[PDB]
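This document opens with one chain alone, in structure tokens, the form deposited in one PDB entry.
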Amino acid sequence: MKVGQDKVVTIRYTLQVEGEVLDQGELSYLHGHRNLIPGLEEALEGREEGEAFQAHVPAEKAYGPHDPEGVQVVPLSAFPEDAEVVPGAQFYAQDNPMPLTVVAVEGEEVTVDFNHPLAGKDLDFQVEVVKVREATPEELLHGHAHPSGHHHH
């Protein structure tokens, strides 16, 4: 069975950005419902069970460009008392939660980034297509594949 609209597809994958593994494992997803980044879904379209491939996905087809306006200076006083405010730390503002990543701390000022963590990055995937099956009515109703465990990290 080939990957296509309304199939539930199981893949194993490795995600690298500039030669570094950021994510890997196994997942199932409902194809054709914007559940994966568009460039990855495009690369998966028409693939067969048992087929391995590589996909280079430019930022535009992944998490989008990095907007300089998303990088801002905010007060250290805005962060929780029991917070570790250090580069890499993630926090939220409420707009729906808006995630931010701390990128620098300088005295009472903190530079933060509201961009997606992979904005502006090109993504390199190794993919194995493991299984392709029809979606159930419940999966179509919910717009995503049924839980099958947390098997990527």
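If you superpose the two forms and keep the largest set of C-alpha atoms that fall within 1.5 Å, you have the rigid core. Note that residue numbering follows the sequence shown and begins at 1.
Comparing 48 to 56 with 64 to 72 by root mean square Cα distance to the shown form in 9 other deposited structures of this protein, with the rigid core used for the fit, gives 64 to 72 as the more displaced stretch. Taking 6 to 14 and 19 to 27 in turn, the stretch whose Cα atoms are more displaced from the shown form in 9 other deposited structures of this protein following rigid core superposition is 19 to 27. Missing coordinates between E108 and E109 amount to none of the deposited residues, so the segment is unbroken. Higher mean CA temperature factor, per the PDB entry, when comparing 32 to 40 with 96 to 104: 96 to 104. In this entry, 15 to 23 shows the higher mean Cα temperature factor of the pair 131 to 139 and 15 to 23. The residue among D113, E60, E51, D124 whose C-alpha carries the highest B-factor in the deposited model is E60. Remark: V8 belongs to the lowest third of its chain, ranked by C-alpha B-factor as recorded. Split the chain's modelled residues into thirds by C-alpha temperature factor. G120 is in the middle one.
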